[PDB]
Structure formats: structure tokens, C-alpha cells
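Residue numbers (the entry's author numbering), protein chains in the order written: chain E, 95 to 610, 614 to 717; chain F, 2 to 166; chain D, 14 to 80, 87 to 180, 189 to 196, 199 to 776; chain A, 14 to 80, 87 to 181, 189 to 194, 199 to 259. A quick write-up on the structure given underneath.
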Ligand SMILES: Nc1ncnc2c1ncn2[C@@H]1O[C@H](COP(=O)(O)O)[C@@H](O)[C@H]1O
Ligand SMILES: [Mn+2]
Ligand SMILES: [Mn+2]
Ligand SMILES: [Zn+2]
């Protein structure tokens with residue numbers, strides 16, 4: 095159920111209008127008739143309203159009329175609501191009214207004798223934007239407990255086969271939490287944000303502050319930047335076609351993976367990739383899969399990048415001839431090209447799309463690739479690493495030997511970290527009396543304390559006491575008028591004095607200049626307080642082998658295959674990836690194969706393997 | 002192409018969202034028209050060949066005997082020659098007063114009859130509402146569509162033009 | 014080379030050649046073959062992909078300067100023709116394209132000259148622009164000393180400079206505002222006086238120049254890697270490519286023939302609450318936008334607006350550039366939803382806008398500050414026309430009855446809760462109802478015609494910008510057009526003035542007339558009305574615990590708020606357009622967004638959809654039986670359910686009532702003809718026809734023929750009894766010497 | 014000498030000096046004595062009588078470019100202070116002088132730069148002007164690459180635009207020409223502010239013609255009687 099302000103019962107089901115076209119590709123976004131509303135999380139007949147209004151600064155324009163809160167509660171109870179969510183406007187600023195309604199609801203629930211949980215948005219996600227907040231708070235009263243059952247089973251399936259531990263789950267903010275945490279809406283993340291946490295994890299170990307991550311999968315092309323050791327967070331994302339209030343590790347989708355379909359527009363004859371992908375079914379090279387439209391994977395077959403007999407270690411029987419036939423009919427003949435030049439052409443377009451997106455993405459942060467290192471992972475990453483890194487000037491291009499599971503490796507490398515956020519609106523001229531700076535610190539400090547309670551309560555239910563939890567206070571600050579994408583780790587555990595405030599402003603000017614053209618004159622704003630709490634846990638150990646000769650063992654050679662590139666067929670030396678030793682060099686043309694990965698190294702390229710089993714791709 | 006049963010559900014508004022999104026976002030199937038008219042033909046109480054639908058229950062038909070093309074309602078009423086405007090041979094009800102307007106709109110939300118009028122054009126036989134105009138007073142009756150059936154069948158669909166008298 | 018274009022042609026010699034080849038062959042630049050595209054398919058596809066991707070990156074990277088709107092960027096070839104446009108609203112592709120074509124035809128090359136690293140700015144009224152506040156930044160692209168194209172960037176400034192009626196109430202004519210990538214100081218000081226707030230204008234200029242220079246570098250890098258030989262072909266093949274794309278889409282989705290439709294909207298300037306200073310401007314008028322759409326076998330098509338009404342003393346007129354350039358934001362939502370959209374589509378479409386009409390006034394006094402009011406009311410009819418082609422061909426998924434009037438534009442002025450100038454309005458009319466489909470209902474509160482990515486905004490964000498508080502936000506019951514499938518419903522919000530000083534507000538939207546029509550049996554969306562309450566005494570009502578207005582105006586025929594405010598001055602009428610009016614704290618303002626038209630016979634709608642609509646607040650119970658013929662019964666759970674047997678009898682009874690109350694069209698016609706002969710109609714109707722006749726002879730002939738009127742019958746506008754200033758004496762643009770405007774339209 | 018004013022001072026440095034001397038001494042430019050007037054009276058009376066006559070000549074001569088009285092021309096020193104004014108209504112001596120002092124205070128010298136043969140135009144409301152339709156043309160006078168004064172020409176244009191106005199066409203010292211040639215974008219843009227083109231175009235040709243006549247006058251006087259004097 096849902097209780098909101100009287101007269102605004104509809105704002106949830108209206109989805110702010112935007113939810114009728116979230117997750118659409120460009121052509122669908124403008125194609126009006128494609129727009130569609132999903133059913134509301136809470137239906138109208140389970141939504142009620144209380145008479146009350148609190149303005150933007152907490153002023154109570156319309157005092158709460160408590161009898162309207164009792165009747166609202168009684169109605170949802172009579173309708174047998176399995177959960178009651180409360181979300182009043184500006185409750186993040188002054189939760190007095192929303193928490194009073196909460197207490198009223200709890201009272202009326204007691205009188206009924208029914209077990210009905212109550213969720214006040216100011217207690218779960220006290221942040222701006224009522225549609226983002228209410229959606230996120232509803233997920234707790236709608237999908238939390240059912241998902242605990244779901245993951246209780248997953249964790250049980252492993253327990254009854256050997257495991258002696260409690261599973262952790264990934265959360266939007268990059269940290270991992272318990273599957274029975276108080277707030278599980280943060281586990282709605284499904285994308286490969288682990289890849290960003292993994293790269294950042296390796297960066298700390300190898301001294302790589304600036305990393306450009308590229309996760310090339312079978313269903314998605316995902317990219318992200320780690321700049322000066324820190325990654326970008328999106329604070330008002332949209333997921334499941336819902337606007338939400340969850341801090342999310344920022345990644346940009348660039349395509350639909352190696353399974354992306356290749357078509358020719360019927361009106362334009364333009365080569366079109368995706369937006370849909372064959373995903374698991376690889377492509378038309380898999381007869382038993384029923385795919386009838388060629389994919390990027392089929393192009394890899396024609397060009398000879400992939401091994402037909404060694405797809406997933408030979409579990410998938412692929413027939414290259416089907417790729418040659420389907421590309422001839424669908425792409426090559428319509429364009430007047432050979433099957434090779436067509437497949438090669440597609441790969442050429444894809445490489446330039448990824449190349450441009452990385453270059454612009456780095457350029458948008460104020461850097462050049464020369465300051466950055468590129469991590470190319472994912473099953474298909476190593477297949478294109480040469481292509482979309484050519485001539486960008488990356489300080490170093492790296493392909494982890496465990497690229498196929500780098501995203502899963504990152505979920506293990508993440509911290510056992512809970513995070514809680516709250517909105518603020520501190521406005522501070524550059525020059526104010528210490529009185530005003532003390533009040534500013536008091537506002538931010540009071541937020542840090544309310545958040546610390548939430549963080550530590552999450553850990554206590556997990557068996558950890560406060561003395562075991564490491565608290566990292568944070569906040570979102572900016573120059574008045576200038577939005578930014580920075581989050582500041584507070585240098586102080588708490589703040590009270592006007593000198594502690596100056597220490598927080600300086601902490602921002604330091605991080606800002608460290609990542610980037615400052616403007617400290619306009620003053621400072623604090624739009625949100627952050628609290629993070631971490632507990633030590635076992636993290637995946639990085640290999641650290643001693644490097645040997647630079648000639649790979651002859652046992653690592655596993656035949657030759659011909660692949661087509663630059664209008665030329667070339668005989669490539671095949672290698673067994675895990676047979677290669679640290680120190681070994683591999684001259685192009687070559688194809689270093691694993692059971693779930695293929696690292697291509699055309700002529701004009703070279704790669705060497707280091708003690709950490711990381712491949713370094715160079716342009717000789 | 003799309004299965005016939007899938008196109009039937011499109012005609013009935015029972016189509017599912019996934020396929021409806023596919024139809025909108027993927028290349029149009031050229032065989033749509035032939036399948037479309039064949040479905041409609043199978044649900045008419047008469048066997049006169051449809052050559053172009055003009056509305057949910059309004060078509061340009063080929064009279065079986067005379068081979069003359071006429072506009073016809075689903076119930077079977079012929080309005081006129083396919084070149085003429087069927088509305089000129091129909092029945093109309095004009096809402097030119099606040100009383101009439103307030104039967105279909107709430108007051109204040111209703112158009113003001115001295116500025117805009119509602120013209121409801123019906124079939125004289127079954128009373129089906131085939132089209133509603135909302136012009137000003139005095140405004141002529143609108144001839145909505147004059148299709149070039151010959152060029153349509155011949156040049157675009159690659160079909161023979163039906164016989165005509 | 015003498016001229017500055019690559020090859021040695023002047024900008025005008027170059028364009029004149031391409032335009033001559035376009036006329037003689039019917040193909041842009043006389044490109045009977047696209048050698049690059051045919052001979053080098055990959056390089057051609059890569060050129061679009063990189064240029065499109067780089068143009069979007071410029072738009073999004075430059076956008077990141079906020080505290087998206089009309090923001091957009093377009094890449095043009097040397098002749099001023101669009102190749103690629105960024106994400107965003109593309110209504111300014113032609114306005115900026117016209118600005119380039121104005122410099123070409125007025126020998127800017129010679130004076131003030133077009134040099135590398137120059138910066139031009141423009142918003143000219145006579146060149147063509149949607150809004151006066153839509154500022155263009157245009158930068159020329161040079162390669163090895165020769166010009167190869169242009170870049171255009173546009174923004175909608177929100178704080179520039189009551190009851191305008193004549194144009195002489199700002200104008201920038203392709204002014205050189207900078208050189209060597211450096212802006213001139215006299216321009217910076219001058220343009221900051223054209224504005225009430227400085228922050229918005231200044232950042233917007235940075236953004237436009239940023240995106241432009243990014244795109245300029247983007248081209249210099251593409252041309253460097255792929256060569257100028259390749260790019261030079263692409264800069265003209267891509268346009269002829271767009272034309273072929275539109276032609277192929279027409280032949281594939283539509284039907285050849287002639288489609289005839291018309292649209293209307295009211296301009297009630299006689300009401301006392303429209304405080305215009307010119308007394309000759311105070312009269313009721315109606316917009317008349319007839320359209321004869323001709324789709325041809327060769328895949329070309331023609332939009333002829335013969336018979337339209339004259340321009341009027343108000344701000345709802347348009348420009349032929351504004352009309353044709355902006356019509357594609359609608360077309361790309363149904364016929365050509367493509368990221369390749371460029372001027373090629375324009376060269377595949379014929380527009381006839383008769384000179385002197387509201388869409389092609391050719392008079393320098395004309396104002397156009399709020400063109401949307403007419404534009405959205407005229408374009409909707411084209412949805413219905415195209416839908417007839419989709420419906421007959423069988424592509425019912427594409428059918429759409431039309432777009433709602435993008436109306437009630439909440440506008441306010443004064444000092445906000447921060448004791449500062451008001452600049453940001455709510456803009457909830459971005460989420461109106463949409464037209465019904467031949468397959469399903471329309472989307473409620475979902476989109477506007479000039480932006481299908483409708484976003485309603487969060488209430489908590491608007492209350493940080495406006496000195497207003499939400500007392501309600503609710504779906505507008507019975508606002509969607511009735512039909513077998515219901516048109517999308519609008520929505521409404523009740524605002525209370527809170528911590529405002531020197532505050533004023535006015536209403537803006539259709540009132541007496543519904544601009545959209547239903548399709549093939551469907552009805553039009555609800556029309557607009559106004560609600561505002563002053564001297565409410567709400568502070569004392571809130572404190573005392575008395576009844577207070579909340580939610581939306583559910584049934585304005587039976588309102589509940591008015592009685593709660595006995596001491597209030599309540600304005601509740603159909604005056605959907607007003608001039609600035611004084612408001613103060615605790616006053617009320619109803620923001621009502623319109624719904625979309627419906628589709629099909631209402632009593633063919635499935636009864637459960639009617640019951641679901643009542644329970645959902647989309648239809649007032651009253652009309653369940655009168656409009657749809659569905660008998661509903663309230664149950665224990667309070668939900669309405671269908672009465673199967675009772676519905677069947679009601680539907681069968683309505684059908685007999687229809688045949689009874691109806692009349693043969695032949696009979697009704699002779700009665701309407703008597704009224705026409707007696708000239709029996711309001712002045713607004715007669716003025717509309719009288720003015721439409723003079724500007725549209727072909728329309729007057731059809732009118733006279735249809736009604737069998739004798740030549741003795743005449744409808745001179747001068748004998749209606751209303752002001753007629755501007756009907757016989759004009760201020761043509763031809764009076765201006767040394768000014769060469771370009772004709773994109775037949776007239 | 015970097016500053017464009019004679020001696021090397023910038024426009025602002027120059028005026029700032031003279032204004033500080035005025036505030037301190039109670040005498041304009043700190044002139045406790047008038048050496049030229051007292052030691053060379055004939056030459057002093059000759060410069061005034063001749064400049065006054067040449068300015069009047071420019072006003073009456075330019076007047077024959079239409080057919087007013089609000090037409091007027093003024094000669095300023097480098098600091099924007101009036102020396103002489105033609106026949107006509109003298110309301111605009113201060114308004115135009117204020118336009119000159121605006122360019123001085125807002126660093127027009129660096130951007131868009133004040134060069135010889137440059138043409139400026141002004142009617143700004145915030146700088147201060149009698150009517151919105153009273154248009155100013157300001158030309159700088161140079162001698163041997165250094166600025167020694169300004170010329171201002173004004174006309175009341177009868178056919179501009181803009189009703190029952192209640193709250194507030200603004201030209202803020204815009205450089206509308208260089209090399210004594212007007213910019214096309216300025217000419218086109220100006221023909222949209224006016225109802226009829228004739229009056230606006232002749233008035234500008236009048237203002238410029240008079241400004242250039244006065245510029246030639248100064249150059250001729252300076253040449254014959256010396257720049258020192
Ligand atoms: N030996 C391989 N076996 C299976 N998939 C591979 C192999 N090499 C590359 N792939 C690519 O990696 C993709 C899967 O990556 P991912 O989605 O990260 O699991 C496939 O769709 C292929 O494009
Ligand atoms: Mn605009
Ligand atoms: Mn004057
Ligand atoms: Zn019938």
C-alpha cells in the first residue's frame with residue numbers, strides 16, 4: 095500500500111510521464127506509438143492520502159490533520175495491505191509530519207492484530223524527488239522480503255553442497271551487503287558494475303590511477319572511467335523502467351554485445367547493429383539455436399577470429415559455413431562486397447564506435463588517453479582490444495587473463511560496505527562569520543549521525559559490532575551554480591567548529607583540482626550527506642608469479658588459423674592462454690585462445706604477459 | 002512476415018505488447034495488406050470483395066454482380082460511388098447547443114457551440130458512428146480520403162487492379 | 014581560389030548551382046548516383062556513424078553546464100543543407116539552415132565576410148524562428164583555407180524580454206559576434222541588456238560555442254583520417270540519401286491519393302481579461318488551417334494549405350520557415366523516426382503556404398512569440414490524414430488520432446521565495462494526452478507534439494524554482510477523446526501562491542475549441558477552461574481546520590472547491606487565454622493539461638475498459654452510459670463492474686436513438702445553407718471565412734459550390750462589425766531594400 | 014606608447030588622472046592656470062572661433078541629406100568631455116559624452132578596440148539617453164596614431180518601433207563599421223528596428239558625414255596651428 099499527500103494520490107501511477115519511455119533506443123524514444131506504461135507498483139485502490147503540506151524549507155503550510163492519517167491507515171488495513179509505504183513531500187527536510195503519520199499507522203496496525211510492515215520514506219531514502227524516492231521506498235515494501243526468500247534458496251543450494259559462509263550481494267553503489275539487509279532495493283543492480291570495482295581494485299595494486307574500463311560481452315558493450323582512483327556515481331538513476339533514489343556506479347552502454355544482430359535498413363540500406371542481440375545463442379553459426387539473422391559473432395567466424403571447435407571449450411558446435419552463407423545473403427551481396435570484406439567492414443564500424451566513445455569519454459573529463467590505461471575484459475573484449483585502442487595513445491592496454499570472469503572477479507573484490515544517503519541544502523558564501531559555519535557543520539554533522547545509525551544497524555544484524563566497522567563520512571559539494579560529478583571523502587570523522595567547516599571546503603578544492614578550473618569565489622553548496630561503513634573480508638588474491646623467458650613454451654603452440662584483416666588473409670599462430678608463462682612475448686599475427694575467451698593479436702601488434710598474468714597489448 | 006493469427010489480434014486490439022513493439026520498430030511486412038483485407042473479408046456478412054478499408058466498419062467494395070465500386074458499411078448498406086463522399090449520403094446529428102455538448106463533455110470542458118460544433122455521421126441502417134467532424138458552423142462536409150486504388154494495387158503492391166464498371 | 018567554398022565558387026555561386034541541378038533532375042544536387050555510397054559502402058556508413066556520434070557527443074558534453088529543452092546541434096554542408104542533427108528537438112534545423120542561406124543570398128562573403136574562427140549569432144524574425152528567445156550560434160568550417168560546411172547550435176533562453192500584438196515589441202540578423210574564436214565585448218555588454226537575468230544567457234552562449242567548436246574539430250578529424258575527397262562527396266550524397274529514404278518510407282507504409290483535413294483553435298481577445306493596448310486587436314478570431322495532402326505514386330507528397338485564415342493581431346502567427354522546419358518534430362514520430370533525418374526529407378516534400386496567411390504572413394508587423402498555439406493546432410490534422418493511409422494499408426500499429434493541444438502554459442512573473450527574479454516555470458504541459466490508436470488507448474499525460482519524450486518533472490523540484498506549492502496533482506477525468514479506444518487523458522495540478530512578491534500569472538491555451546479531432550468515429554479531446562481564486566482567505570481556513578481545496582478539479586460542472594471558498598473572488602470560465610493578472614499568497618491557479626483525441630465508435634469499446642476507466646479516474650461515471658452505453662454497478666469493494674445484459678440493451682437503444690435524433694445530411698445541409706445565406710453566425714465565424722476567402726480563392730469557390738450559393742451572396746469582412754485593421758493595407762518585406770529572403774514554399 | 018591616448022596613457026588611465034585632479038583641486042583637470050589662453054590669447058580665441066564655425070558648418074552641411088532640429092554634433096576631448104557643440108538642441112551632449120565615458124570605463128580599448136576610421140553607434144537606455152529613437156554616432160579622432168578626441172553625432176529618428191508600455199531597442203556602443211565602412215550585418219539588422227527604411231538610412235549617412243567633416247576639421251586645424259596648441 096501507499097500513503098501520500100491528500101490530492102496527490104496519482105503521482106506514483108503517473109510515472110512522471112518519463113516512465114512511458116525509459117530504456118528505449120533513440121528511434122523508439124521518438125516513435126511515439128512505441129511508448130508504454132508498465133502497471134504501477136502500487137495500484138490506485140491501495141493508495142490513500144493525508145491532509146498535510148510542508149514546503150521546501152520545512153515550513154508547515156498545512157499542519158497535519160491526524161484523523162486523515164488514521165482513516166488512511168484503516169482503509170489499507172481493511173484492504174489487507176501486506177505493507178504500507180508513507181511518502182510525503184519534503185519529508186527529507188522536515189520528517190516530523192511523515193514520521194507522525196508513520197506512528198499513527200503503526201498504532202492502527204497494532205489495533206488490528208495483523209502483521210503489516212510500515213515504511214516511511216524519510217527513514218529509508220530521505221532524498222529529493224518524490225517519484226524517485228517513493229518508487230525506491232516501495233521496492234522495500236514490495237520486493238525486499240520476497241527476494242530474501244529467493245536468495246535464501248540460492249545461498250541454501252550452496253550450503254547443502256559445501257559452503258560454510260553467508261553469501262553477500264552486490265549493491266548499486268559498488269559495495270556488497272547481506273542478502274537479508276534492511277534495504278534490498280539497492281540489490282536491483284544487474285549490470286556488470288563489478289568490472290569497474292575490479293579494475294579499480296587492480297589499479298590500487300598496480301598504481302594505475304586513471305583506468306578506462308571496456309566490458310565487451312555477448313549482450314552488451316559497457317564502458318566507464320576510473321579517474322584519479324575514484325569512480326563516478328549516478329545519484330538519480332532509472333532501472334526496471336523506474337526512477338529510483340539509489341547511488342549507482344556509472345557505466346555507459348554502447349551496444350548489444352557480440353551477439354548484436356547485423357541488418358540493412360529497408361529504407362536506407364545502412365548497416366545497423368542491434369539494438370537487440372542473440373546473446374546466449376551466439377549467432378547463426380549455431381544451427382541448433384534457431385538464430386536466422388547474422389551477428390557480430392558470425393563475422394568473427396568468417397574472419398577466423400573465433401575457433402569453431404573451441405567455443406566454450408567445445409560445448410557449442412558452431413559451423414563457420416553457416417556464417418559465410420548468411421553474411422553473403424544478408425550483408426555482402428546487397429552491398430556488392432565479398433563475404434570477407436563485409437564481415438571485416440562490420441568489425442571496422444564497431445571498432446570505430448567504441449574507439450570514438452572512449453576518446454570522447456576521456457576528453458569529456460578533461461584528459462587525453464595518454465593519461466589513461468585501458469582495461470579490456472569480457473568474453474569478447476580481447477577479440478576487439480586491438481581495434482578500438484589503435485592510435486588512441488593509451489599509456490597501456492591490458493587484457494586480464496581472467497577477462498571472461500573479470501566482472502565476477504570484481505564482485506569478490508568489492509568491499510563489505512553499506513551506504514546511506516540524505517539530501518541537504520547548505521548555502522554558504524565564501525566569507526561568513528564562524529557562527530554560520532558552525533551551523534553548516536551542525537547540519538551536515540546531524541545528517542552523518544542519522545546515517546551512521548543506519549549503517550551500524552545494518553552491520554549489527556549481520557553480527558558485527560560498531561568497533562569492527564570502519565566509517566567513512568562523505569558529502570556532495572559544489573561551487574554555487576556549478577553542478578559536478580564528485581563525491582568528497584570527509585577528512586574529519588565529525589564536524590562542529592567553523593575551522594572544521596573550512597577543512598571540509600578545502601577538502602573539496604583539493605579533490606576538485608586533483609581530478610581537474615576552480616571557482617571558489619561563488620561559494621559552496623552541500624546537496625547531500627553520505628555515510629559508508631566497511632568491514633574487512635577475504636578479497637581475491639592477485640597472482641604474483643616470477644617471469645621467465647620471453648619465448649613461450651612450444652607446448653603452448655596449438656596450431657595455426659587463417660584470419661582476414663586489412664584486405665589480407667594471414668596465417669596466425671594459435672596459443673593456449675593458460676599455458677603461456679609470465680615474461681612470454683607473442684608477436685602478431687597470433688590468436689591466444691582460452692576456453693571462454695579469444696585474444697587476437699594481428700600483425701603490427703605484440704603482447705607480453707607479466708607476473709600478474711595480465712597481457713599488455715602494444716603496437717610495436 | 003507475421004503470422005495470420007498475430008495480425009488477427011492486431012485487428013481486434015488483443016495484440017500483445019512485445020509483438021506490437023516489434024511491428025512498430027522493425028521493417029514493415031509488405032504482405033500486410035493482402036493478409037489484412039483477407040481477415041476482414043472473412044468476417045463480413047456479405048461476400049463482395051473488399052478493395053480498401055476506410056474505417057473499422059467502412060470499406061470500398063466491389064459489388065459482386067455489377068462490379069461497381071461503392072462505399073459500404075459492415076452491415077451491408079451502400080452509400081455511393083467510391084469517387085463520391087459517403088457522408089453526403091449518410092445521416093448526421095449536430096451538437097450545436099450547450100445541452101447537446103454537455104451530453105458528451107462536462108461543462109466548461111465542452112466546446113462552445115458558437116465556435117465549434119460536433120457532427121456525428123451515422124449509417125442509416127445500423128446506426129453506426131463512422132466519423133465525427135468538429136469544425137465551425139457553416140463549414141462544408143469534409144471529403145476525407147480520395148484513394149488512388151489503381152496506382153496502389155498496381156505500382157506499389159504489385160497486384161492486378163480489381164474489375165470495375 | 015577566388016570564392017571561399019572548396020573549389021573556388023562563392024557561397025552563392027555554389028548554392029545556385031546545386032539548386033539548379035536539384036530543379037532540373039528532381040534529385041538534390043543532381044545526384045542521379047551516389048558513387049561514394051555505392052562504391053564504398055563501409056566508408057559511407059562509417060562517415061555517418063562517426064559524424065552522428067560526434068554530433069551527439071558535442072550536444073551532451075556541452076549540455077553539462079546546468080544548475087534538456089530546445090538544445091540541439093546540426094552539421095550543414097557549404098550550401099546550408101543539413102547532413103546530421105544531434106539528439107534533442109529538431110525544430111531548428113531549418114531556422115538555422117535559413118540563417119546560413121540568408122548569409123549566402125545577401126553576400127555575407129563580401130561583408131562582413133566569412134572567415135575561419137568567426138562566430139555568428141542569429142534569431143531574426145524575418146529569416147524565420149520559432150521563438151524570439153531561441154538564439155542561434157553558427158560557425159563556419161574551413162579545410163585548408165576553403166569552406167566546407169557550417170555548424171549550428173541553438174538554445175531556448177528562459178529569461179529574455189505583456190499582451191504583445193505587434194512585432195515591434199528583439200532581433201539579431203546573423204551578426205558577427207566574434208572573430209578568432211573570441212567574442213566582441215560590445216556584443217557581450219549589449220546582449221546582457223536584452224535579458225532580465227544574466228546567468229542563463231551567458232552559460233547558454235558558452236554551451237552553443239562549445240558544441241560548435243567541438244563539432245568543428247570533429248569534422249577536422251574525420252576529414253583528416255578519411256580524406257577530404259571522401260567527406261566532400263558525403264556532404265551532398267547524405268542529403269540526396271535522406272530524400273530517397275523518405276520516398277522509400279512513403280511507398281512502404283502509406284497509400285497514394287488525396288487526403289483532406291482541417292484544424293481550428295480559438296483566439297478570444299474580446300474578453301476583458303485580455304488587456305491588449307491596441308483596440309483594433311480586441312476581437313474574437315478563429316485559426317483556420319485546412320490541408321490538402323497529396324501522396325503521389327513516385328513517393329513524393331504535397332501539403333497544400335490553401336484556404337487558411339489571415340494573420341492576426343496576436344502572438345500566435347508563424348513563419349514559413351518556422352512552419353516547415355518545425356513540422357518534422359511531428360513527422361519523425363510516425364513516418365520517419367530515423368537518426369539519419371536531415372534536409373533530404375525537405376527536398377522530398379512540397380509545401381504550399383499561401384502568402385498572407387498566419388503561417389506565411391509576409392508582413393513585418395506580425396508577432397510570433399507564442400507560435401505553438403497555432404502550430405500544434407494545425408499539425409494534429411496531419412496525423413489523421415496519414416493514419417487513413419496506415420489504416421487502409423493495414424499498419425494499424427502506426428495509426429494515431431493526433432496530438433493534444435500543448436496547452437495551459439503556466440506562466441508567472443515577479444519575485445520568488447528567495448526574493449529574486451522569477452525565471453524558471455514548471456512546464457508541466459510537456460506531458461499532455463496522446464491520440465488514440467487503431468489498436469489501443471492513447472497514453473495519458475505522456476508527451477507533447479514538440480517532444481515525445483514527455484517528462485512531467487518532480488513536484489519537489491518545481492517548488493524549489495517557483496513560489497508555488499502543490500495542493501493537488503491528478504489525472505484529468507474525461508479529458509481524453511472518447512472512442513472505441515480512448516484518447517490519452519491530460520492531468521491537472523492545483524497551485525497555491527506561497528512566498529511570492531509582486532506576483533502575476535496568466536493562462537495560455539485553447540478554450541472554446543478543441544484543436545484535435547477524433548478519428549473514424551472517435552471524438553475530440555476536451556477543450557480548455559480556466560480556474561483561479563483570489564482573496565481566498567485560505568490562511569484562516571487552513572488554521573481553523575476548515576475544508577480546503579485539494580486534488581484536481583474532478584467535475585467542473587459540479588465543482589467542490591468553490592463552495593469551500595465563500596469569500597473568494599473565483600474566476601471559472603472558458604477564457605483559456607489571459608494577460609498578466611495580479612496574484613498573491615494563498616491564491617489558487619489550476620494548471621490543466623489537455624488530453625488527446627479518440628478513435629472509433631465509443632460504443633464499440635469493451636465495457637470492462639469503461640469500468641476500468643471510471644475506477645481509474647479517466648472517465649466520469651456520468652458518461653459511461655451516455656457516451657459508451659455501458660451500465661456499471663458499484664460493488665462492495667467500491668469498484669465499478671460491468672452489467673453485461675444492461676449494457677447490451679443500452680448499446681442497442683442508443684443505436685435506435687442515433688437513427689431517431691439524426692437527420693439525412695441532405696436535410697441538415699439545406700438548413701445550414703439558410704443560415705449561411707442569412708449570414709447567421711458569430712462574428713468570429715464570419716471573420717474566419719471572410720479572411721480565408723480573400724487569401725484562398727480556390728477555397729471560396731469550393732465553399733460556394735458545396736453550399737450552392739449564388740454570386741449575389743458575398744461575405745465581405747468589412748461588413749461584419751469587427752475591426753479589420755491589416756486586411757487591405759500591408760507592410761510587406763519587399764519594402765525593405767538590400768534584403769533577399771529565400772523561398773522554401775509555394776505561395 | 015602603448016595606450017592609444019596621446020602620451021601613452023590608456024583611455025581609463027587618462028580620464029582617471031584628470032578626474033582625480035578635478036576632485037582634488039576643484040578645477041577641471043587641475044588647471045589652476047590657462048597658459049594658452051593667457052599667454053597666446055589670439056591663438057586661443059582663434060581655435061575656438063574656428064572649431065565652433067567648422068562644427069556648425071558640418072551640422073548645416075550634413076542637414077542637406079533629407080527633407087528636424089534635434090540634429091546636433093559635439094566635439095569631445097580624449098576623456099569624453101565636451102569642448103564645442105554645433106547649432107541645434109543640446110540635450111545629447113551629456114548622453115553621448117556618457118557613451119564615450121562608458122567605452123573608457125569598460126575597456127573598449129582592448130575589446131573591440133578603438134581604432135582610427137572606426138564607426139560606433141549608441142542609443143543605450145542604461146548609459147542614459149533622452150529618447151529610445153535618438154541614435155548616436157561616435158567617431159574617434161586620431162593624430163599620428165594617437166587618440167586626441169571624439170566626435171558625436173545625434174539624430175531623432177521618427178520611424179522606430181515599440189503601445190501602452192509600462193516597463194523596459200538598445201545599441202550599446204556597438205562598433206558598426208571599420209575603415210570608415212559600415213558592416214553589412216549591422217545595416218540589415220537596423221532595417222528591422224524601423225517601420226520605413228528611408229529615415230533611418232539618411233540619418234545615419236547624415237551623422238557619419240558630419241562626424242567625418244569634424245574629424246577632417248580637427249586634422250586640418252591641428253596641422254595648421256600645431257598639436258601642442
Ligand atoms: N572461446 C570463446 N568461447 C565463448 N565465447 C567467446 C569465446 N571467445 C569470445 N567469446 C566472445 O565472448 C562473448 C561472451 O562474453 P560474456 O558475455 O562476457 O560472457 C561471446 O558472445 C563471444 O563474442
Ligand atoms: Mn524555443
Ligand atoms: Mn529625440
Ligand atoms: Zn451500417
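C-beta atoms are modelled at their ideal positions from N, C-alpha and C, and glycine is treated no differently.
Starting from residue i, follow the alpha helix (DSSP H) in both directions and report where the run begins and ends.
i	result
residue 243/A	227-255
residue 117/A	111-124
residue 733/D	726-736
Considering only their Cβ atoms, is the gap separating residue j from residue i smaller than 9 Å?
i	j	result
residue 75/D	residue 243/D	yes
residue 102/E	residue 183/E	yes
residue 703/E	residue 680/E	no
residue 441/D	residue 529/D	yes
residue 30/F	residue 2/F	yes
State the start and end residues of the unbroken beta strand (DSSP E) segment that holds residue i.
i	result
residue 479/D	Per DSSP, residue 479/D belongs to no beta strand (DSSP E) and is neither H nor E.
residue 290/D	286-297
residue 504/D	497-504
residue 668/E	665-673
Report all residues from its chain with a CB closer than 8 Å to the CB of residue i; omit the five preceding and five following residues, and keep chain order.
i	result
residue 123/F	91, 92, 93, 94, 129, 130, 131
residue 643/D	649, 650, 653, 661, 669
residue 269/E	508, 509, 510, 511, 512, 513, 629, 631
residue 761/D	391, 392, 393
Mapping the DSSP letters down to three states, classify residue i as helix, strand or coil.
i	result
residue 548/D	strand
residue 52/F	strand
Suppose the cutoff is 6 Å on Cβ atoms and the five residues either side in sequence are ignored; what does the same chain contact list for residue i look like?
i	result
residue 531/E	592, 595
residue 591/D	599
Between residue i and residue j, how many whole angstroms is the CB-CB distance? I'm expecting something under 8 Å.
i	j	result
residue 515/D	residue 470/D	5 Å
residue 260/D	residue 252/D	5 Å
Short of 7 Å in beta carbon distance, which residues of its chain neighbour residue i, apart from the five on each side in sequence? Order them along the chain.
i	result
residue 195/A	Position 194 is followed directly by 199 in chain A, which means residue 195/A is not present among the coordinates.
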